[PDB]
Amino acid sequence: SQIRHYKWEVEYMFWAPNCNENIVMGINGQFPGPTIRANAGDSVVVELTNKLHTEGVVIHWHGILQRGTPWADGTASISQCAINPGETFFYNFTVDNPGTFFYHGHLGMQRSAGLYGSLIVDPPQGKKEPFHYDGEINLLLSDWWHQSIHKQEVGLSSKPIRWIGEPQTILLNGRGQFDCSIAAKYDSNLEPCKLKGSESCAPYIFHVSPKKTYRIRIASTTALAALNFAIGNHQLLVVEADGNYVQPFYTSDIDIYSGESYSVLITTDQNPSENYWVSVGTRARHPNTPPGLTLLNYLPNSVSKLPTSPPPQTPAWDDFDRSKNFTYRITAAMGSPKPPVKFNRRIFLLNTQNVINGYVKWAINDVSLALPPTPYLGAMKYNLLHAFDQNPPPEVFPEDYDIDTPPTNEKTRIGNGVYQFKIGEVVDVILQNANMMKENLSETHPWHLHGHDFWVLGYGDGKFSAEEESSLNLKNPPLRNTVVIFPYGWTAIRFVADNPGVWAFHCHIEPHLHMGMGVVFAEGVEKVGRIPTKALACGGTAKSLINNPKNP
C-alpha cells in the first residue's frame, strides 16, 4: 500500500469549455481537475490550498466512505468548516475498494462552476479485475451554463424564483460545442463547427484498435441533466455501477443520472474502415440542449473520416417505462454481500416542491433543510446543543396526503434537525415521489447517500404500501451510493449505520440541494476521534473551543 500525495491549488481562471469564454474553477490550472488514481488499500493525502479571493472551498470525494476519517468527507457545515482563502487543509483518507469514483465541490454551487475530476481505484496490487480488457477509456460527464453561478444562486433564492433553465452544453471530459454541431453533415439545418482539433472545446476522441476489448468508465457530475449514452453499432456490457460489480448484461445504451458511475465493456468487432459516433443525449426532462458528441476512432482511420450514419437518435425523454426497464435490470454480481433480512428502523421521506414564504423550496416530509454555520460533526462531538435543532425530524408523512395533487403548503417549514441512528442499526429508507406545484407534474430525482453504500431493495409506482413488502428484493439487490425515484413512484433502500460521523442523504441535482432537498443522518458520533482544528474553526465550535475569557 502506497501513500498517494497530491498538492493542489483551487483558483478561478478564464476558460472556454465550449469555445465561448467564461470563468471556470480549476485545480493547478486544469479544467477538469487532475485524476487521482490509487489501488485499494492506499492512503490518499491531498493538501489543498484555497486561492479563491473571498470564497471558502471544500472538496467531496464521491463514493469514498471516509471510514475513520468523517472530517475528510468535504461537506461544508456537515463534516467541516469550509477552508478559507490562503489556507491549506489536508484531506487524508484510505480508498478501500476498486471502482470509478470522482470528486466535486460541496459548498454553494461551486461544483457547477467546474470543480470536479476523476478518482479511480484499481484492485489491490497483485490482484486483478474479474473481467479482462485491453484498454481503458475514462469519461466524466457534466453540463454547462453560460450564466454566472453567482447569478444562478441569487436567482434561485429570489421571489419570484428565476429557474436556471436547461444547460447550454453537455460536456464530455470538459469539452462540448455550442451553436454548431460536429455532425452537421447529416442535416443542413445545423451549423458546421470550424475546428482544427486543437481548441479547448475540440472533442475528446476515443482511439481504439480493431479486435480489442475496452472498459469505458463513465461518471456523471451533472448539476441537472440526466443523460443517455450510446455508441453507433456497438453493444455495451454493464459490469460495474458505483464502485460495485453488477451481474453483467448487454444493452444498446445506458441511462445515467447525476451521482452514478458505471463501467461498460465494448469490443471493437465492427467494420475497421470506418469511425463511429458516441452520443450523450438528455432524457427525463424535455430537451433543449444538443447532445454531447465524439468519435470512436478505429485506428488508423483519420479522425476526420466521419461515420456513414448519423449519431444514434436519443430515446424519447419521457418514456419512463423504457427508463424503468433499464433500471430494474440492475442486480448485484453473483457472490456480493446480501442485505440483513430484518430492519431495525424504517423511515418514509415524502419529496415535495413547496412555496415557503413566497419562495419555491423543496421539502422532505415538509422540512426544507437550511444548513447551520456550525458544522454538525464538531457540534455533535462537543455536545453543542444550541447549534441546531435537537428535536427529532419526522420519520413518516401523513397517510391522508394525496401525492397526485399539488401541496397546500400549510405546514411547510425550514429546519436543520438530524435523524440519529445507533451504531449497528439496519435502516430502511422509503423515498416517496409526489406531484410538484404545477398540476400533473412529478420529476426524477437522483438521491445520494454520503459515507455508506446501500442495497436498492426495489421501486414501484404510486404510494408505497404494505402490499409491496413482498416485492422487495432481498436476494440479489445492487449496492449503490446513488438511486433514482421515478415520477409519482417510490424507491426502497437498506443500509447498516456502522460508520461513525454525520452524513447527508440528498438529491444530487444541485439546484434542488440548494433549495433544501436533503436530510442529515448521524450515527455513533461518540466514537469519532480528533477532528483537525481547521474543520472546527468556525461557528459554535470555534466559540466554545477558543479560550478567550473576559474579566478573568
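One-based numbering along the sequence shown.
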Entry B factor averaged over C-alpha atoms, 328-336 against 155-163: higher for 328-336
If you average the Cα B factors in the entry, which is higher, 228-236 or 127-135?
127-135
The largest CA temperature factor among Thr282, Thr405, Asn301, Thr352 is found at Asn301
Given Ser118, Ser368, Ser112, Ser220, the residue at which the Cα B factor reaches its maximum:
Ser112
Place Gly529 in the lowest, middle or highest third of its chain's C-alpha B-factors, as listed in the PDB entry.
highest
Among the modelled residues of its chain, the C-alpha B-factor of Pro210 falls in the third labelled highest
Considering only modelled residues of the same chain, in which third does the CA B-factor of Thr482 rank: lowest, middle or highest?
lowest
Relative C-alpha B-factor of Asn499, binned into the chain's lowest, middle or highest third:
middle
Place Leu431 in the lowest, middle or highest third of its chain's C-alpha B-factors, as listed in the PDB entry.
lowest
